[PDB]
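Input: a single structure, listed below in structure tokens.
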Amino acid sequence: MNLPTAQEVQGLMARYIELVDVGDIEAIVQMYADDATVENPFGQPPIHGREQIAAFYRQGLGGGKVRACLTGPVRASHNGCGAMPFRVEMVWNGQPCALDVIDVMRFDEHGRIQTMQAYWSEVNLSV
Amino acid sequence: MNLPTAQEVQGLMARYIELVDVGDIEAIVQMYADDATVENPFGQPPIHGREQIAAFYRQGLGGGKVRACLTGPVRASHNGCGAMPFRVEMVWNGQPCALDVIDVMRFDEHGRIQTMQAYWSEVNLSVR
Ligand SMILES: C[C@]12CCc3c(ccc4cc(O)ccc34)[C@@H]1CCC2=O
Ligand SMILES: C[C@]12CCc3c(ccc4cc(O)ccc34)[C@@H]1CCC2=O
């Protein structure tokens, strides 16, 4: 595909959440451009390229324990970009916890994620 | 106020929405920095300066019964930035409509909005 339309951005970013929820690291790495830049959380030093991205996601999702689901519709632009609200559920201190996040993504002319910024901090972590 | 903390970004960005909701263009322009940049919707040319920002909110808020409310918590960083999901309700040539939007904001070391990006398009519009 080329630069995703607004409707295609909605589908791609929803698909990314489904892949995070099932914990398929390889499928996520494939969604990213080979030289993608990721800032998670935004304000922290970026990581770059599929090698660093694969390591980051496997550290986060390798155990398959995390769950993720959209908490609102994906907002999409006409220049291949979008932003989405979601909630992440995992284990912290034994008790279950929930983290509210917004990801901003820009896609390239091949339909792959070129950049991603994940906005969240401890003020978004419940229980 | 200095560079807003994460908790302070949450309050500031929530404060912006309720200002949009009540339609106080004066109060909203004051929240913006003198040389702020606004991309609304994201993908179009950015606008600069408070006069140009003033006129933008005039066009959008100064007429139709525009209301706005958060549809989720404000996500805040530790570098003075945040993102929030909200819904704009409008009446568009008779048709009651709603628009789902996510705003990304960067605040200055004075607690003013330095940059704003509003993500939405027609796919996010619905008839009520
Ligand atoms: C890593 C993590 C699980 C997944 C996750 C987190 C934060 C932001 C994310 C953003 C994403 O786009 C996808 C997944 C996460 C959590 C923070 C702590 C934790 O357990
Ligand atoms: C301008 C507008 C009303 C307000 C509004 C829109 C879009 C994005 C916004 C982002 C904001 O942070 C505040 C207000 C709006 C609408 C698009 C169509 C319309 O009438």
Practice task
Working only within region A:77-99, note down all residues that are more than 12 Å from the chain's Cα centre (by Cα) and either in a strand (DSSP E or B) or more than 14 Å from every other protein chain (Cβ to nearest Cβ) (or both).
Solution key: A:81, A:89, A:90, A:91, A:92, A:93, A:94, A:95, A:96, A:97, A:98, A:99
Handout entry: Flag if residue B:71 is more than 9 Å from chain A (Cβ to nearest Cβ), surrounded by 15 or more Cβ atoms within 10 Å (Cβ to Cβ) and of a type in the set (S, T, N, Q)
Key = no
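Please tell me if residue B:72 is within 16 Å of ligand 1 (Cβ to nearest atom) and out of contact with any helix residue (DSSP H, G or I) (no Cβ under 8 Å at 6 or more places or on another chain).
yes
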Fill in the blank from the handout: By residue number, the members of region B:42-68 that are at the interface with another protein chain (Cβ under 8 Å from one of its Cβ atoms) and among the small types (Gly, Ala, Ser) are B:43
Fill in the blank from the handout: Reported set for region A:100-127 where residues are of a type in the set (A, V, I, L, M, F, W, C), at the interface with chain B (Cβ under 9 Å from one of its Cβ atoms) and part of a loop (DSSP other than H, G, I, E, B) is A:120
Exercise for the section: Please find, among B:122, B:51, the residue that is free of Cβ contacts under 8 Å to residues at least 12 places away in the same chain, more than 9 Å from ligand 2 (Cβ to nearest atom), among the acidic types (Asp, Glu) and under 27 Å from residue A:5 (Cα atoms). Expected result: B:122
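Cβ sites come from the backbone with ideal geometry, for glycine too, and all protein chains shown count toward neighbours. No value in this document is a laboratory result; all are computed from the given coordinates.
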